Amino acid sequence: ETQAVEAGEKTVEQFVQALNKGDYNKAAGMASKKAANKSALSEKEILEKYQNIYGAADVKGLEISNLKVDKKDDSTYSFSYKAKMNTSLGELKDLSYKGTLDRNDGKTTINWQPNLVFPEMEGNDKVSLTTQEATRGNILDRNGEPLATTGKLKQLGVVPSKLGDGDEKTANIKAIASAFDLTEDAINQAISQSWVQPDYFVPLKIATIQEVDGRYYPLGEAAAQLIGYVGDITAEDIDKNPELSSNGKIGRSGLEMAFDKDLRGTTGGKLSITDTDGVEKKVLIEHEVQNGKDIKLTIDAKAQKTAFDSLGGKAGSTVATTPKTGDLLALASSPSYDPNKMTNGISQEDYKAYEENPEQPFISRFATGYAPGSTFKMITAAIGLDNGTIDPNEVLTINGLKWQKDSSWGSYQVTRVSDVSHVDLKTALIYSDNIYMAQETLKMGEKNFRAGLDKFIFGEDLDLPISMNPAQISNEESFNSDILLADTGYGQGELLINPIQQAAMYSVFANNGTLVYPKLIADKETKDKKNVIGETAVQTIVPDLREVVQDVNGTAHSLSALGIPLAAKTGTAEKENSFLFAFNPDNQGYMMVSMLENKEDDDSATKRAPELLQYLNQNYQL
Ligand SMILES: *C(=O)[C@@H](NC(=O)/C(=N\O)c1nsc(N)n1)[C@@H]1NC(C(=O)O)=C(CC2=CCN([C@@H]3CCNC3)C2=O)CS1
């Protein structure tokens, strides 16, 4: 407790603090002159040491404790303290520093020595710092087949110096643009790029070829919206997260981005003290690299490749689930983009292409909310049946195509397409009679309609890694209209449900009225919501839904040619959308929901479903 002691106690601290602030020169100013019993190096020689070592290892957050300064002679005090510090590779704990001070004319300074960098350093000792980036994990389908993996790829390229001079170049460019099937002009824009030197290898496809490590998506565009793609890491990404290395790739969309942490692993590293020849003398930190985790999904890659191909590139979406457990067997969206071109290199043209396609390939339509249309009637009936409103056999008598409750609906008319004039429940679903449904809905009223709807999952967010707004009944918490109460009853109005949310609500017909939440991660436990509708309302509706197919006038009669047990409902909306709902009523092994955004003349979701239905029907039973 002496005013010379604490003068030295303060001179240590100002030295430590100067190193935290990274002011390696202020620190160097507190060094005794270079001498045999004082410092071991000059101010400049000291400055350089800390910049080399404390900088290259980014030493910061230096905390000392148990500081001691005791007198040894009138001009020399000995100090000692414990310390901990943060390095770019971890925390250094329980360091033991020791040294001496030089009092001379009321000026107290440090007799610097290498053992104030790290305790065990001596003489001409140095420091080494090595890092090892990890390998990105895989995304797998339910059967282990890979959906996103990192492997060696046969990169094709050329060398401007092994071509032709004049006609031998512009005719040889022809030959390699053929045996590989790529445009011939793009070989000229590439060869004449800025960075090209006539000796470098210039890449073309995913004439010499070299093996390159890259990120590969076997299914390409058939699963590009769900799985996503990955991009070069940019300086900005490191601002958002300085734990990233400049050399990896990063998930930018779809599941790659949703699970980037798990998939990307942790970097390994090693901080060592070496003699003057890089020979390791003490290891201070060693974190063995930990690679990225694999991720197993519910997807069935054949169902996905089939479901996407079935849309023939038209705007639309398909979604398949095993309804008794929630497994999502496929999440198709069309049109689409090449996720391999995006990740591993995409020409400036093929890229500008996707951006201006007005049907928007980058949209994950299976998460876009739509107005479901007539398919929804299978709910409305099930609610009406639950609360007594609907008599299956009560036969309404309905004339013409238009209708309204009374003249106070101005020009708002409920329209249908088939002038059936004796409609019971079964007949209503077989023909998709908006009117019958619009009526039996009003017979039920917002209170009893919402009483049933509210037993579903509107508003809720599902436990899935896909960004999607929840499904809504209306753009306000009440309808505030009869017309809307009606429009909503037959699948329009202010309804918004996306193909995954639809597939969840309709699961009630495969589970005696229990709703089963969708499942996308292979291991996660099934989650359900019991008694959403009555078992009896199911046994009433389903046999009517078979007849949407079998009956010669059924909206989906074309599917009876297949010879497979189907129960289903269709839809259409107005540009014209087209819908289909389908599942197996014998075994409940699968269920599908297919849309067609902006259909073509005489095209339909129902005309494209068979190939996917045959696969599902055979490979998913009990
Ligand atoms: C349910 O979605 C209903 N569709 C419509 O009424 C719509 N347009 O057709 C629609 N509602 S709102 C809005 N803006 N437009 C019924 N569903 C279907 C269907 O599922 O296919 C309809 C089409 C349709 C029923 C029977 N069809 C036979 C084809 C040849 N002749 C009849 C048929 O195309 C309309 S009613």
# chains A, B, ... in the order shown; residues from 1 in each chain; ligands from 1

call {"tool": "closest_atom_pairs", "arguments": {"of": "chain A", "to": "ligand 1", "cutoff": "7 Å", "atoms": "only C-alpha atoms and all ligand atoms", "output": "Markdown table"}}
result
| residue | atom | partner | partner_atom_place_in_ligand_line | distance |
| --- | --- | --- | --- | --- |
| A:373 | CA | ligand 1 | 2 (O) | 4.1 |
| A:374 | CA | ligand 1 | 1 (C) | 3.2 |
| A:375 | CA | ligand 1 | 2 (O) | 6.4 |
| A:415 | CA | ligand 1 | 6 (O) | 6.4 |
| A:416 | CA | ligand 1 | 6 (O) | 5.4 |
| A:417 | CA | ligand 1 | 36 (S) | 5.6 |
| A:418 | CA | ligand 1 | 32 (C) | 6.2 |
| A:431 | CA | ligand 1 | 26 (C) | 5.8 |
| A:432 | CA | ligand 1 | 16 (C) | 4.4 |
| A:433 | CA | ligand 1 | 36 (S) | 6.1 |
| A:434 | CA | ligand 1 | 3 (C) | 6.1 |
| A:490 | CA | ligand 1 | 1 (C) | 6.7 |
| A:491 | CA | ligand 1 | 2 (O) | 6.7 |
| A:492 | CA | ligand 1 | 12 (S) | 6.0 |
| A:555 | CA | ligand 1 | 26 (C) | 5.3 |
| A:570 | CA | ligand 1 | 20 (O) | 4.0 |
| A:571 | CA | ligand 1 | 20 (O) | 3.1 |
| A:572 | CA | ligand 1 | 2 (O) | 4.1 |
| A:573 | CA | ligand 1 | 15 (N) | 3.7 |
| A:574 | CA | ligand 1 | 14 (N) | 4.1 |
| A:579 | CA | ligand 1 | 20 (O) | 6.9 |

call {"tool": "write_last_selection", "arguments": {"atoms": "N, CA and C atoms", "output": "mmCIF file, in the first residue's frame"}}
result
data_model
loop_
_atom_site.group_PDB
_atom_site.id
_atom_site.type_symbol
_atom_site.label_atom_id
_atom_site.label_comp_id
_atom_site.auth_asym_id
_atom_site.auth_seq_id
_atom_site.Cartn_x
_atom_site.Cartn_y
_atom_site.Cartn_z
ATOM 1 N N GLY A 373 -61.281 -23.060 -53.403
ATOM 2 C CA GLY A 373 -62.320 -23.431 -54.338
ATOM 3 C C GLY A 373 -63.082 -24.675 -53.913
ATOM 4 N N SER A 374 -63.875 -25.188 -54.857
ATOM 5 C CA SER A 374 -64.827 -26.261 -54.599
ATOM 6 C C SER A 374 -64.304 -27.387 -53.720
ATOM 7 N N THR A 375 -63.006 -27.687 -53.797
ATOM 8 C CA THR A 375 -62.444 -28.698 -52.908
ATOM 9 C C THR A 375 -62.862 -28.458 -51.464
ATOM 10 N N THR A 415 -73.401 -18.862 -58.894
ATOM 11 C CA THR A 415 -73.499 -19.544 -60.176
ATOM 12 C C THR A 415 -72.963 -20.967 -60.083
ATOM 13 N N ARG A 416 -73.587 -21.864 -60.852
ATOM 14 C CA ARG A 416 -73.124 -23.239 -61.006
ATOM 15 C C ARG A 416 -73.021 -23.564 -62.497
ATOM 16 N N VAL A 417 -72.732 -24.828 -62.829
ATOM 17 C CA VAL A 417 -72.492 -25.189 -64.225
ATOM 18 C C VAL A 417 -73.393 -26.299 -64.749
ATOM 19 N N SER A 418 -73.865 -27.167 -63.855
ATOM 20 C CA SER A 418 -74.708 -28.294 -64.256
ATOM 21 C C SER A 418 -76.087 -28.100 -63.648
ATOM 22 N N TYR A 431 -71.297 -33.108 -58.562
ATOM 23 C CA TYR A 431 -71.338 -32.107 -59.618
ATOM 24 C C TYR A 431 -70.636 -30.806 -59.247
ATOM 25 N N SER A 432 -70.256 -30.633 -57.981
ATOM 26 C CA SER A 432 -69.711 -29.372 -57.480
ATOM 27 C C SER A 432 -70.740 -28.254 -57.621
ATOM 28 N N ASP A 433 -71.847 -28.407 -56.906
ATOM 29 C CA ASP A 433 -72.962 -27.469 -56.995
ATOM 30 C C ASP A 433 -72.724 -26.384 -55.955
ATOM 31 N N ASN A 434 -72.124 -25.271 -56.389
ATOM 32 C CA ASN A 434 -71.931 -24.131 -55.501
ATOM 33 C C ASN A 434 -73.220 -23.766 -54.775
ATOM 34 N N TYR A 490 -68.455 -22.123 -50.374
ATOM 35 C CA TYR A 490 -68.064 -22.956 -51.505
ATOM 36 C C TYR A 490 -66.661 -22.624 -52.011
ATOM 37 N N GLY A 491 -65.787 -22.168 -51.117
ATOM 38 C CA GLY A 491 -64.364 -22.157 -51.381
ATOM 39 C C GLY A 491 -63.789 -20.888 -51.961
ATOM 40 N N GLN A 492 -64.491 -19.763 -51.856
ATOM 41 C CA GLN A 492 -63.974 -18.495 -52.358
ATOM 42 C C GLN A 492 -64.057 -17.429 -51.270
ATOM 43 N N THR A 555 -67.133 -35.203 -61.431
ATOM 44 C CA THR A 555 -66.178 -34.246 -61.972
ATOM 45 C C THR A 555 -64.832 -34.880 -62.281
ATOM 46 N N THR A 570 -62.840 -32.008 -56.736
ATOM 47 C CA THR A 570 -62.143 -31.155 -57.689
ATOM 48 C C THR A 570 -62.431 -29.681 -57.386
ATOM 49 N N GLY A 571 -61.909 -28.799 -58.246
ATOM 50 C CA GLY A 571 -62.156 -27.374 -58.116
ATOM 51 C C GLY A 571 -61.800 -26.614 -59.376
ATOM 52 N N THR A 572 -62.340 -25.396 -59.475
ATOM 53 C CA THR A 572 -61.974 -24.469 -60.541
ATOM 54 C C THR A 572 -62.377 -23.061 -60.111
ATOM 55 N N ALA A 573 -61.601 -22.064 -60.547
ATOM 56 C CA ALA A 573 -61.833 -20.679 -60.146
ATOM 57 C C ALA A 573 -61.399 -19.729 -61.255
ATOM 58 N N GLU A 574 -62.050 -18.569 -61.335
ATOM 59 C CA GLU A 574 -61.606 -17.522 -62.265
ATOM 60 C C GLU A 574 -61.275 -16.224 -61.515
ATOM 61 N N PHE A 579 -58.021 -27.266 -59.511
ATOM 62 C CA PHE A 579 -57.680 -27.926 -58.263
ATOM 63 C C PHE A 579 -57.966 -29.420 -58.346
#

call {"tool": "residues_around", "arguments": {"residues": "residue 87 in chain A", "least_positions_apart": "5", "cutoff": "10 Å", "atoms": "only C-alpha atoms", "output": "list in words"}}
result
residues 54, 55, 56, 57, 58, 59, 60, 61, 62, 92, 271 and 285 of chain A

call {"tool": "residues_around", "arguments": {"residues": "residue 269 in chain A", "least_positions_apart": "5", "cutoff": "12 Å", "atoms": "only C-alpha atoms", "output": "list in words"}}
result
residues 57, 87, 88, 89, 90, 128, 129, 130, 131, 132, 133, 134, 283, 284, 285, 286, 287, 288, 289 and 290 of chain A

call {"tool": "residues_around", "arguments": {"residues": "residue 184 in chain A", "least_positions_apart": "5", "cutoff": "7 Å", "atoms": "only C-alpha atoms", "output": "list in words"}}
result
residues 173, 174 and 177 of chain A

call {"tool": "select_by_dssp", "arguments": {"residues": "range 52-138 of chain A", "states": "strand (DSSP E)", "output": "ChimeraX atom specification"}}
result
/A:60-73,76-87,90-104,107-110,126-132

call {"tool": "write_last_selection", "arguments": {"atoms": "C-alpha atoms", "output": "PDB file, in the first residue's frame"}}
result
ATOM      1  CA  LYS A  60      -8.808  -9.089 -26.971  1.00  0.00           C
ATOM      2  CA  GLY A  61     -10.713  -9.079 -23.708  1.00  0.00           C
ATOM      3  CA  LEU A  62      -7.707  -9.366 -21.414  1.00  0.00           C
ATOM      4  CA  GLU A  63      -8.719  -9.690 -17.755  1.00  0.00           C
ATOM      5  CA  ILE A  64      -6.128  -9.815 -14.983  1.00  0.00           C
ATOM      6  CA  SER A  65      -6.533 -10.701 -11.322  1.00  0.00           C
ATOM      7  CA  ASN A  66      -4.534 -11.196  -8.134  1.00  0.00           C
ATOM      8  CA  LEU A  67      -2.140  -8.473  -9.260  1.00  0.00           C
ATOM      9  CA  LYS A  68       0.948  -8.225  -7.072  1.00  0.00           C
ATOM     10  CA  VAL A  69       3.820  -5.736  -7.119  1.00  0.00           C
ATOM     11  CA  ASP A  70       6.585  -6.179  -4.537  1.00  0.00           C
ATOM     12  CA  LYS A  71       9.818  -4.269  -4.107  1.00  0.00           C
ATOM     13  CA  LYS A  72      13.095  -5.944  -4.987  1.00  0.00           C
ATOM     14  CA  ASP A  73      15.486  -2.957  -5.061  1.00  0.00           C
ATOM     15  CA  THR A  76      13.180  -2.643  -9.470  1.00  0.00           C
ATOM     16  CA  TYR A  77       9.784  -4.070  -8.474  1.00  0.00           C
ATOM     17  CA  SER A  78       8.556  -7.572  -9.356  1.00  0.00           C
ATOM     18  CA  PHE A  79       4.946  -8.158 -10.425  1.00  0.00           C
ATOM     19  CA  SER A  80       2.739 -11.196 -10.976  1.00  0.00           C
ATOM     20  CA  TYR A  81      -0.890 -11.748 -11.937  1.00  0.00           C
ATOM     21  CA  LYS A  82      -3.350 -14.212 -13.437  1.00  0.00           C
ATOM     22  CA  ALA A  83      -5.075 -13.530 -16.741  1.00  0.00           C
ATOM     23  CA  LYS A  84      -7.701 -14.731 -19.192  1.00  0.00           C
ATOM     24  CA  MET A  85      -8.152 -13.610 -22.790  1.00  0.00           C
ATOM     25  CA  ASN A  86     -10.383 -14.118 -25.812  1.00  0.00           C
ATOM     26  CA  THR A  87      -8.775 -15.372 -29.018  1.00  0.00           C
ATOM     27  CA  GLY A  90     -11.574 -19.712 -27.892  1.00  0.00           C
ATOM     28  CA  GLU A  91     -10.891 -18.471 -24.385  1.00  0.00           C
ATOM     29  CA  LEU A  92      -7.499 -18.726 -22.674  1.00  0.00           C
ATOM     30  CA  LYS A  93      -8.024 -19.280 -18.964  1.00  0.00           C
ATOM     31  CA  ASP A  94      -5.727 -19.299 -15.941  1.00  0.00           C
ATOM     32  CA  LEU A  95      -2.639 -17.782 -17.519  1.00  0.00           C
ATOM     33  CA  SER A  96       0.144 -16.858 -15.088  1.00  0.00           C
ATOM     34  CA  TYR A  97       2.154 -13.746 -15.937  1.00  0.00           C
ATOM     35  CA  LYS A  98       5.249 -12.534 -14.099  1.00  0.00           C
ATOM     36  CA  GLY A  99       7.813  -9.823 -14.638  1.00  0.00           C
ATOM     37  CA  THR A 100       9.656  -6.845 -13.237  1.00  0.00           C
ATOM     38  CA  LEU A 101       9.441  -3.053 -13.335  1.00  0.00           C
ATOM     39  CA  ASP A 102      12.085  -0.331 -13.539  1.00  0.00           C
ATOM     40  CA  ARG A 103      11.705   2.663 -11.260  1.00  0.00           C
ATOM     41  CA  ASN A 104      14.020   5.447 -12.406  1.00  0.00           C
ATOM     42  CA  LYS A 107       9.115   6.968 -13.913  1.00  0.00           C
ATOM     43  CA  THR A 108       7.907   3.359 -13.742  1.00  0.00           C
ATOM     44  CA  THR A 109       8.259   1.164 -16.822  1.00  0.00           C
ATOM     45  CA  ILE A 110       8.124  -2.491 -17.820  1.00  0.00           C
ATOM     46  CA  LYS A 126       7.033 -17.730 -32.304  1.00  0.00           C
ATOM     47  CA  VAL A 127       3.332 -18.593 -32.629  1.00  0.00           C
ATOM     48  CA  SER A 128       1.421 -20.640 -35.195  1.00  0.00           C
ATOM     49  CA  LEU A 129      -2.293 -20.550 -36.007  1.00  0.00           C
ATOM     50  CA  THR A 130      -3.887 -23.068 -38.377  1.00  0.00           C
ATOM     51  CA  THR A 131      -7.537 -23.472 -39.368  1.00  0.00           C
ATOM     52  CA  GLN A 132      -9.496 -26.249 -41.092  1.00  0.00           C
TER      53      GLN A 132
END

call {"tool": "atom_distance", "arguments": {"atom1": "CA of residue 401 in chain A", "atom2": "CA of residue 560 in chain A"}}
result
27.7 Å

call {"tool": "residues_around", "arguments": {"residues": "residue 518 in chain A", "least_positions_apart": "2", "cutoff": "9 Å", "atoms": "only C-alpha atoms", "output": "ChimeraX atom specification"}}
result
/A:321-323,325-328,462-464,500-501,503-504,516,520,526-528

call {"tool": "closest_residue", "arguments": {"among": "A:266, A:51, A:393, A:387", "to": "residue 443 in chain A", "atoms": "only C-alpha atoms"}}
result
A:387

call {"tool": "atom_distance", "arguments": {"atom1": "CA of residue 303 in chain A", "atom2": "CA of residue 523 in chain A"}}
result
19.4 Å

call {"tool": "residues_around", "arguments": {"residues": "residue 565 in chain A", "least_positions_apart": "4", "cutoff": "12 Å", "atoms": "only C-alpha atoms", "output": "count of residues only"}}
result
26

call {"tool": "closest_residue", "arguments": {"among": "A:245, A:347, A:298, A:225", "to": "residue 519 in chain A", "atoms": "only C-alpha atoms"}}
result
A:298

call {"tool": "residues_around", "arguments": {"residues": "residue 366 in chain A", "least_positions_apart": "6", "cutoff": "7 Å", "atoms": "only C-alpha atoms", "output": "PyMOL selection string"}}
result
chain A and resi 317-319+331-333+498-500

call {"tool": "write_last_selection", "arguments": {"atoms": "C-alpha atoms", "output": "compact mmCIF listing (two decimals), in the first residue's frame"}}
result
# COMPACT_ATOMS: atom_id res chain seq x y z
CA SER A 317 -47.92 -27.07 -57.27
CA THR A 318 -48.33 -30.62 -55.96
CA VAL A 319 -48.22 -31.85 -52.36
CA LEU A 331 -43.47 -30.44 -52.17
CA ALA A 332 -43.51 -29.60 -55.87
CA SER A 333 -43.70 -26.09 -57.33
CA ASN A 498 -51.78 -22.85 -49.01
CA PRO A 499 -51.29 -26.34 -50.46
CA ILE A 500 -49.61 -27.61 -47.27

call {"tool": "closest_residue", "arguments": {"among": "A:295, A:457, A:468, A:484", "to": "residue 227 in chain A", "atoms": "only C-alpha atoms"}}
result
A:295

call {"tool": "closest_residue", "arguments": {"among": "A:41, A:214, A:122, A:105", "to": "residue 281 in chain A", "atoms": "only C-alpha atoms"}}
result
A:122

call {"tool": "closest_residue", "arguments": {"among": "A:444, A:329, A:7, A:47", "to": "residue 24 in chain A", "atoms": "only C-alpha atoms"}}
result
A:47

call {"tool": "closest_residue", "arguments": {"among": "A:211, A:141, A:355, A:256", "to": "residue 229 in chain A", "atoms": "only C-alpha atoms"}}
result
A:256

call {"tool": "atom_distance", "arguments": {"atom1": "CA of residue 237 in chain A", "atom2": "CA of residue 19 in chain A"}}
result
28.0 Å

call {"tool": "select_by_dssp", "arguments": {"residues": "range 84-193 of chain A", "states": "alpha helix (DSSP H)", "output": "number ranges by chain"}}
result
A: 167-178, 186-191
